[PDB]
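Residue numbers (the entry's author numbering), protein chains in the order written: chain B, 20 to 184, 197 to 369, 376 to 394, 408 to 454; chain C, 20 to 184, 197 to 369, 376 to 394, 408 to 454.
Presented below is the structure to which this report refers.
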């Protein structure tokens, strides 16, 4: 799984820099890298969406004199590589999952800046529970490639689309339901997901309430974003389950070669925290946890007004970061609810004893059981510089979230 | 389009004065300006409806001695500019979008004086919901120019007309249906607007019931009327999204040079409020909102009888106006309906909880989402003299309208 990650990141960075440097697009602005990387990812999987030559919003200017304008680029050299890597045997079939992870990681900043809740609204559930709707808008090939990374609400949204309206339909539905059951480890949650499978959305609001109470399994992987990938000069130990990502992106931040854009310079901390969220998928993480891990407060979306249009986004400052603790990406569910003798032997022996002596109701019982869980996570934290086990004790911004 | 607005008022105003000055028509009578402007706006889009020379009811008389008579006017000098401005590159194609804004606002007075409900009656719905039936009687070219300003009911009527009237049908209806969906932000409304697409008008009464609950998005633009345009001598900072319009037409009120016409002098307060109602598109706005915004009580149409004939509309007094607050135009719907953690990070952290644990019904479920809403607007109102955020606190005339 992690064997092809280093060369994957290396060639991603190579194309990242090549497409920008072909037309003198500076890579020290966040918007330039974000747009170019979005074009590259469009080339990666949905090859028919982007254009071989097209104009996009970029920052043209030397030494801080960048102004918004549209620059034509020749994506065909990158298109050829993207289409040729689709079924290259060198990836051992991990090209599609890697691209799914890349798209899921890189489709976050626009959603954060333009606060929208499409999956929950289409599912007619609580909008604040989009926190379980990761992986929306990804390619169907990618969604089957990393369905575990695709959040439970996105899979349930696909199932709802199937119900609202051929063995391919059966295969898609069974994959969706299996991944729903895998992500939602709740037994009552699983049974009511099965109810959704045949179609019973009276528990859909109950599904939202459970997700709020019982937290489904969310698989994750540490994948950097376009600006940091373009600014990353080390990929020797590029794996997905260690501190290599943390150390590399900390070094990138210490380089201080990347500038972020926003409506006004007050958004500098907001963009730094957005970078942190995008790198570590911690958009839904508790703000106290993030403040303790990265040694800095995380500004909520409420602290800032509407994000200005991408046309009028302007450079607002250098990207900065610090952290003191790390951890592996979460594999299983963050919340987990996981004296007598049996003689098979006719002969008399002395005896020895250690001991002297509705469906919605079950769903709410599981909800309260996961309320009884005061600990979150599976194994431990790890301190910066190694894999020494650490545990977060508590913070002022505990129980608070970016959109909470 | 705001940047090009300043040039666009001036050339509208140029032909306003020339038509009246040709036959010595005084411009200090609203009835003279109301008809002359209706002729001027007629040449803008409906070029073949008006006549090159024709007689209309005006007030002829020097210094307050105006007696009503039909006056022939040389409209041919004013005809050429209107058609030339249709595709003049100076507007860069904004002439139709502006003329749709211009045509809608200038027909408000006649509807108020002769209280009729053409859209709701043809839609066989409640007549109290003409607030959402804006944009009726406008040219289809203008209706395709600013369909957003044209209320959904008129589009719904056009949708009903299109079903009760060819590849051109789809093109017109998709704009009709799309702007029905755009204006009515109701998710259940959109599905039941989609029911109206092929003629399932069983929810048409439900739509009226929904309209009482969900207020569809009605885009507003601070467009001036005929008497004020001729009496406005400043257009340098003409913008449709600031207080320039509010400050500009207050100076006209300070001049006290414009006279209003009506059956009798009791309408002087009513006619003054008609100017307030028409300019800011607040005919259906809460009278509690209006009395607070403009610092004056608004007389309802019930306080006055039938309007006198257009052949007997006599001058009743001078136009006066005052205001203390304003707001950015209502771009979205006045009523809008826009807690957990996703740990993507394997660290062992304390679990935190911000909590403890028919299709007509869905429309009614969405209906209750908008009865519960009390605050009206997009962000807030603003005080006179700037864009300082001032929230509407309430008044005695809340939940009361001009026709309420």
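Where a beta carbon is used, it is the ideal one built from N, C-alpha and C, also for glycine.
In this structure, how does DSSP classify residue i when only helix, strand and coil are distinguished?
{"i": "residue 78 of chain C", "result": "strand"}
{"i": "residue 448 of chain B", "result": "coil"}
{"i": "residue 360 of chain B", "result": "strand"}
{"i": "residue 386 of chain C", "result": "strand"}
{"i": "residue 143 of chain C", "result": "coil"}
{"i": "residue 90 of chain B", "result": "strand"}
{"i": "residue 73 of chain C", "result": "strand"}
{"i": "residue 316 of chain B", "result": "coil"}
{"i": "residue 173 of chain B", "result": "helix"}
{"i": "residue 440 of chain C", "result": "strand"}
{"i": "residue 506 of chain C", "result": "The shown model of chain C, from 20 to 454, leaves out residue 506 of chain C, and the question about it has no answer."}
{"i": "residue 324 of chain C", "result": "helix"}
{"i": "residue 425 of chain B", "result": "strand"}
{"i": "residue 134 of chain C", "result": "coil"}
{"i": "residue 258 of chain B", "result": "helix"}
{"i": "residue 151 of chain B", "result": "helix"}
9 Å is my cut-off, CB to CB: does residue i come that close to chain C?
{"i": "residue 421 of chain B", "result": "yes"}
{"i": "residue 412 of chain B", "result": "no"}
{"i": "residue 303 of chain B", "result": "no"}
{"i": "residue 314 of chain B", "result": "yes"}
{"i": "residue 249 of chain B", "result": "yes"}
{"i": "residue 91 of chain B", "result": "no"}
{"i": "residue 366 of chain B", "result": "yes"}
{"i": "residue 369 of chain B", "result": "no"}
{"i": "residue 454 of chain B", "result": "yes"}
{"i": "residue 179 of chain B", "result": "no"}
{"i": "residue 28 of chain B", "result": "no"}
{"i": "residue 51 of chain B", "result": "no"}
{"i": "residue 54 of chain B", "result": "no"}
{"i": "residue 184 of chain B", "result": "no"}
{"i": "residue 243 of chain B", "result": "yes"}
{"i": "residue 446 of chain B", "result": "no"}
{"i": "residue 311 of chain B", "result": "yes"}
{"i": "residue 246 of chain B", "result": "yes"}
{"i": "residue 449 of chain B", "result": "yes"}
What residue range does the alpha helix (DSSP H) around residue i cover?
{"i": "residue 118 of chain B", "result": "114-125"}
{"i": "residue 207 of chain B", "result": "198-214"}
{"i": "residue 51 of chain C", "result": "49-63"}
{"i": "residue 41 of chain C", "result": "24-41"}
{"i": "residue 415 of chain B", "result": "409-422"}
{"i": "residue 281 of chain B", "result": "275-286"}
{"i": "residue 100 of chain C", "result": "95-103"}
{"i": "residue 238 of chain B", "result": "235-244"}
{"i": "residue 306 of chain C", "result": "299-310"}
{"i": "residue 66 of chain C", "result": "From DSSP, residue 66 of chain C is part of no alpha helix (DSSP H); its letter is neither H nor E."}
{"i": "residue 162 of chain B", "result": "159-164"}
{"i": "residue 229 of chain B", "result": "218-229"}
Looking at the unbroken beta strand (DSSP E) that takes in residue i, where does it start and where does it end?
{"i": "residue 352 of chain B", "result": "No beta strand (DSSP E) contains residue 352 of chain B, which DSSP labels as neither H nor E."}
{"i": "residue 432 of chain C", "result": "431-433"}
{"i": "residue 292 of chain B", "result": "290-293"}
Just confirm the distance between the C-beta atoms of residue i and residue j, as a whole number of angstroms; I'd bet it's less than 8 Å.
{"i": "residue 284 of chain C", "j": "residue 330 of chain C", "result": "No, residue 284 of chain C and residue 330 of chain C are not in contact; Cβ-Cβ is about 17 Å, not under 8 Å."}
{"i": "residue 298 of chain B", "j": "residue 347 of chain B", "result": "5 Å"}
{"i": "residue 357 of chain B", "j": "residue 445 of chain B", "result": "Not quite, the Cβ-Cβ distance comes to about 17 Å (not below 8 Å), so this is no contact."}
{"i": "residue 168 of chain B", "j": "residue 119 of chain B", "result": "6 Å"}
{"i": "residue 133 of chain B", "j": "residue 338 of chain B", "result": "6 Å"}
{"i": "residue 153 of chain B", "j": "residue 56 of chain B", "result": "Not quite, the Cβ-Cβ distance comes to about 19 Å (not below 8 Å), so this is no contact."}
{"i": "residue 116 of chain C", "j": "residue 20 of chain C", "result": "7 Å"}
Taking 9 Å as the CB-CB limit, is residue i close to chain B?
{"i": "residue 270 of chain C", "result": "no"}
{"i": "residue 231 of chain C", "result": "no"}
{"i": "residue 387 of chain C", "result": "yes"}
{"i": "residue 379 of chain C", "result": "yes"}
{"i": "residue 21 of chain C", "result": "no"}
{"i": "residue 382 of chain C", "result": "yes"}
{"i": "residue 376 of chain C", "result": "yes"}
{"i": "residue 392 of chain C", "result": "yes"}
Check your understanding: Which residues, in chain order, does the region 343-361 of chain B contribute to contact with chain C at a C-beta distance below 9 Å?
Key -> Residues of the region 343-361 of chain B with a Cβ closer than 9 Å to any Cβ of chain C, in chain order: 356, 357, 358, 359, 360, 361.
Check your understanding: Between the region 205-238 of chain C and chain B, which residues of the former have CB atoms less than 8 Å from a CB of the latter, in chain order?
Key -> Within the region 205-238 of chain C, the qualifying residues are 218.
**Study point:** Short-range partners of chain C found in the region 140-172 of chain B, where Cβ spacing is below 9 Å
**Key:** With the criterion set as a beta carbon lying under 9 Å from some beta carbon of chain C, the members of the region 140-172 of chain B are 140, 141, 143, 145, 146, 147, 148, 150, 151, 153, 170, in sequence order.
Check your understanding: Got a sec: which bits of the region 424-443 of chain B sit with their beta carbon under 9 Å from any beta carbon on chain C, in order along the chain?
Key -> Within the region 424-443 of chain B, the residues whose Cβ lies closer than 9 Å to some Cβ of chain C are 424, 425, 426, 427, 428, 429, 430, 431, 432, 439, 440, 441, 442, 443, listed in chain order.
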